[PDB]
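A.B. asks: Below you will find the structure I want to go over with you.
A short reminder: the numbers here are calculations on the coordinates, not readings from a lab. Neighbour counts run over all protein chains shown; Cβ positions are idealised from the backbone, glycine included.
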4 protein chains.
Amino acid sequence: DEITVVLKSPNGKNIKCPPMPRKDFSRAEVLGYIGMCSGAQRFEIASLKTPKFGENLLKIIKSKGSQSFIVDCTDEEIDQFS
Amino acid sequence: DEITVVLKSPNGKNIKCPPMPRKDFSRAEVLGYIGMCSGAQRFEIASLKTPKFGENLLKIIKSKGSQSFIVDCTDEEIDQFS
Amino acid sequence: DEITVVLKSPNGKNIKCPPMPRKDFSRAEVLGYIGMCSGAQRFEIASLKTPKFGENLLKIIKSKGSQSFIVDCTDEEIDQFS
Amino acid sequence: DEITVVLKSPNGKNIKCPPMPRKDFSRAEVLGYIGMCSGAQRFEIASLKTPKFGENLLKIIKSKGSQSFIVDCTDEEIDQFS
RNA sequence: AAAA
Ligand code: NA
């Protein structure tokens, strides 16, 4: 399949990481793709701490077809991947 | 199931990471959840070096139902996730 | 099998990481081998952000025999692993 | 089983990480255990770059009983885990 | 290596 990790701030700013196959989808892989987007500096994303993220992840785990995984950044956080 | 990683200092301070399913429970995933709690700064937790941690982990690996995994922080260490 | 991660800048500079078996080949393992090459400092590689990398990875996933995985570094990036 | 990662410098200095079960043994897990020993600071170990490490790892992967995995540190490197 |  394909799963596109999307960094999104309430701006409406998008950053679409290259897609990953559903076979590979996990929490580790999602933060793996984001780290690749941000580079050598470790990133900060407050929303990772919240339970939504884990629910939104289990949600896509149980879906059909190609999906898009949204990860919520502040307007300040999303400038790490710009 | 659910497994809640709990950061706990001898204060009695709790920090409950969002739960993870038993299917996903591992050492890598536990430090993964904690890192998400601490953010972009790598954390220090002395108790990770001790064999208790590994035993306490194998313990929960072999349990039934939803469990809670306690990770012991100094009173100073737990301020990383506060 | 064997899969040799090769860091390559348009110079034509090679850096060959020790090989990994196809059974172990993944995105996580590739960045794992590179990190081992670079050491304690987190590395920067711009090409990781691009979709080529993910395609070039799925490509080798679906191959026979021993392959070589090329990872494109700027001429400045490849000095991290030298 | 058990597999004890041992940091060893030519001094003869030992540092024994808590054991891991053979079911869990990998390159990722070995550097995972070492990181836990070193803490919040990323560690440097030159020997990780060499092919010996990968051979010495495949070696233990194909063994019976409980083994000990030796990781070679300079006399200066081993002070990271002391 | 906890995102390598
Ligand atoms: Na990792």
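One line per residue, one yes/no per condition, for (1) in contact (Cβ under 8 Å) with a residue 40 or more places away in the chain; (2) of a type outside the set (K, R); (3) within 17 Å of B:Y33 (Cβ to Cβ):
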| site | (1), (2), (3) |
| --- | --- |
| A:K8 | yes, no, no |
| A:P21 | no, yes, no |
| A:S38 | yes, yes, no |
| A:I78 | yes, yes, no |
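A.B. asks: To continue, here is another question. Based on what the data block shows, is A:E2 more than 16 Å from the ligand (Cβ to nearest atom) and either over 17 Å from B:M36 (Cβ atoms) or in contact (Cβ under 8 Å) with a residue 24 or more places away in the chain (or both)?
C.D. replies: When the stated conditions are applied, A:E2 passes them.
A.B. asks: For the stretch D:25-70, how many residues are aliphatic (A, V, I, L, M), closer than 19 Å to B:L48 by Cα and not in a helix (DSSP H, G or I)?
C.D. replies: The number of residues fulfilling the criteria is 1.
A.B. asks: With surrounded by 14 or more Cβ atoms within 10 Å (Cβ to Cβ), within 13 Å of RNA strand E (Cβ to nearest atom) and either farther than 22 Å from A:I34 by Cβ or under 12 Å from the mean Cα position of the chain (by Cα) (or both) as the only criterion, which of C:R42, C:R27 stands out? Steps first, please.
C.D. replies: Numbers: C:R42 fails: either farther than 22 Å from A:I34 by Cβ or under 12 Å from the mean Cα position of the chain (by Cα) (or both).
None of the others qualify; the one that does is C:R27.
A.B. asks: Could you run through the stretch B:10-23 and say how many residues are surrounded by 17 or more Cβ atoms within 10 Å (Cβ to Cβ) and either within 12 Å of RNA strand E (Cβ to nearest atom) or small (G, A, S) (or both)?
C.D. replies: Of the residues in that region, 2 qualify.
A.B. asks: Restricting attention to the stretch D:1-24, which residues are assigned to a loop (DSSP other than H, G, I, E, B) and over 10 Å from the mean Cα position of the chain (by Cα)?
C.D. replies: D:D1, D:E2, D:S9, D:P10, D:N11, D:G12, D:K13, D:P18, D:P19, D:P21
A.B. asks: Still on this structure, I have one more. Report yes if some residue within the stretch D:54-61 is in contact with a helix residue (DSSP H, G or I) (Cβ under 9 Å, 6 or more places away or on another chain) and farther than 25 Å from C:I15 by Cα; otherwise report no.
C.D. replies: yes
A.B. asks: Can you say whether D:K64 is more than 13 Å from RNA strand E (Cβ to nearest atom) and within 14 Å of the chain's Cα centre (by Cα), as far as the supplied structure shows?
C.D. replies: For D:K64, the condition - more than 13 Å from RNA strand E (Cβ to nearest atom) and within 14 Å of the chain's Cα centre (by Cα) - is not met.
A.B. asks: Do the conditions hold for A:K49, that is, is it more than 9 Å from chain C (Cβ to nearest Cβ), of a type in the set (D, E, K, R) and in contact with a helix residue (DSSP H, G or I) (Cβ under 7 Å, 6 or more places away or on another chain)?
C.D. replies: yes
A.B. asks: Please find, among D:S26, D:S68, the residue that is closer than 22 Å to C:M20 by Cα, touching a residue at least 40 places away in the same chain (Cβ under 8 Å) and of a type in the set (G, A, S).
C.D. replies: D:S68
A.B. asks: Of the numbered conditions (1) out of contact with any helix residue (DSSP H, G or I) (no Cβ under 8 Å at 6 or more places or on another chain); (2) in contact (Cβ under 8 Å) with a residue 40 or more places away in the chain; (3) more than 9 Å from RNA strand E (Cβ to nearest atom), A:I34 fails exactly one; give the number of that condition.
C.D. replies: Unmet condition: (3).
A.B. asks: Would you be able to tell me the number of residues in the stretch A:71-82 that are more than 13 Å from every other protein chain (Cβ to nearest Cβ) and either assigned to a strand (DSSP E or B) or of a type in the set (F, W, Y) (or both)? So that I can check it myself, show each step before the final result.
C.D. replies: Keep residues of the stretch A:71-82 that are more than 13 Å from every other protein chain (Cβ to nearest Cβ), which gives A:72, A:75, A:78-79.
From the residues that got through so far, the ones that are either assigned to a strand (DSSP E or B) or of a type in the set (F, W, Y) (or both) too are A:72.
Total meeting the criteria: 1.
A.B. asks: If B:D79 satisfies all but one of (1) among the charged types (D, E, K, R); (2) surrounded by fewer than 16 Cβ atoms within 10 Å (Cβ to Cβ); (3) in contact with a strand residue (DSSP E or B) (Cβ under 8 Å, 6 or more places away or on another chain), what's the number of the condition it fails?
C.D. replies: Among (1) among the charged types (D, E, K, R); (2) surrounded by fewer than 16 Cβ atoms within 10 Å (Cβ to Cβ); (3) in contact with a strand residue (DSSP E or B) (Cβ under 8 Å, 6 or more places away or on another chain), B:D79 violates only (3).
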